[PDB]
Amino acid sequence: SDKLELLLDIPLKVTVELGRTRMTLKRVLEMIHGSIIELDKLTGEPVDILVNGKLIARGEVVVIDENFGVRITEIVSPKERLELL
């Protein structure tokens, strides 16, 4: 297709994230330079790789020289990949 081109083809937005947490809005307002917030992911376990807010993989952090990288260690198959968009 001439329009499916446009798509199988757009920059998607991949986010790799450390942890999450909830937080009373009060608490969020009190935070200063230097507060230590504690996430809920354990040191040992792999980090989340979500595309368009929807989680599709998990991996370990690497460093490609200058930048953080990620080596994928578990992925969902190319179906729910699509199904999660």
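For each chain, numbering restarts from 1 and follows the sequence as written, which can differ from how the entry numbers it; residues lacking coordinates are not listed. To get the side-chain values, all heavy atoms of the structure are used, and hydrogens and water are removed first.

As recorded in the PDB entry, the protein goes by the name chemotaxis protein, listed as coming from Thermotoga maritima. The title given for this PDB entry is "Structure of T. maritima FliN flagellar rotor protein".

Attention now moves to the sheet that holds strand β2 (residues 47-51). Pairing between the strands of a sheet is mediated by backbone hydrogen bonds and can be parallel or antiparallel. Pairing is antiparallel across the open sheet formed by four strands, whose spatial order is β1-β2-β3-β4. This sheet does not close on itself; its edge strands, each paired only once, are β1 (14-17) and β4 (67-75). Averaged over all pairs of adjacent strands, the angle between strand axes in this sheet comes to 40 degrees, irrespective of strand direction. Pairing between two strands is assigned when DSSP locates at least 2 bridges connecting them. Numbering goes from the N terminus for both helices and strands, where a helix is a DSSP run of H or I of at least four residues and a strand is a run of E of at least two. Only the contacting stretch of a helix is used when fitting its axis, a line to C-alpha atoms as for every element, and angles between N-to-C directions run 0 to 180 degrees.

Of the pairings in the sheet, the one linking β2 to strand β3 (residues 54-64) comprises five bridges and is antiparallel in character. From the neighbouring strand, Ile 49 faces β3, where its bridge partner is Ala 57. Count of turn residues in the β2/β3 antiparallel hairpin: two residues, of which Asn 52 carries a positive phi of about 40 degrees. Taken together, the eight bridges between β3 and β4 define a ladder with antiparallel strand orientation. Its bridge partner being in β4, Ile 64 is matched across the sheet by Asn 67.

Considering the arrangement of structural elements, one finds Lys 41 in the loop between α2 (25-30) and β2. A polar contact of 3.0 Å, which involves the side chain of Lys 41, links it to the backbone oxygen of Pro 46. Whenever a nitrogen or oxygen atom comes within 3.5 Å of another N or O atom, the pair is scored as a polar contact, on the condition that within protein one atom can donate a hydrogen and the other can accept it, and that pairs from neighbouring residues in sequence are kept only if both atoms are in side chains. Here the side chain of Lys 41 touches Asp 48 through a polar contact of 3.3 Å, side chain to side chain. Contact definition: two residues touch when any of their heavy atoms are within 4.5 Å. If near-sequence neighbours (up to four positions away) are discounted, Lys 41 is found in contact with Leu 18, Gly 19, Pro 46, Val 47, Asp 48 and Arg 58.

Looking at the largest pocket, its volume works out to about 150 Å³. Put plainly, a pocket is an open set of points on a 1 Å grid over the protein atoms alone with protein on both sides within 12 Å along at least five of seven lines, a cavity is a set where a 1.4 Å probe fits but cannot get out, and a lining residue has an atom within 4 Å of a point. Lining of the largest pocket is provided by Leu 12, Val 51, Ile 56, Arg 81, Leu 82 and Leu 85. Of the residues contributing to the lining of the largest pocket, the split by class is five nonpolar, no polar and one charged. Grid points are joined across faces, edges and corners, and a volume is the space filled by probe spheres set on the points. In this count, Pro and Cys sit with the nonpolar residues alongside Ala, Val, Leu, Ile, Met, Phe, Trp and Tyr, while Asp, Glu, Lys and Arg are called charged and the others, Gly among them, polar.

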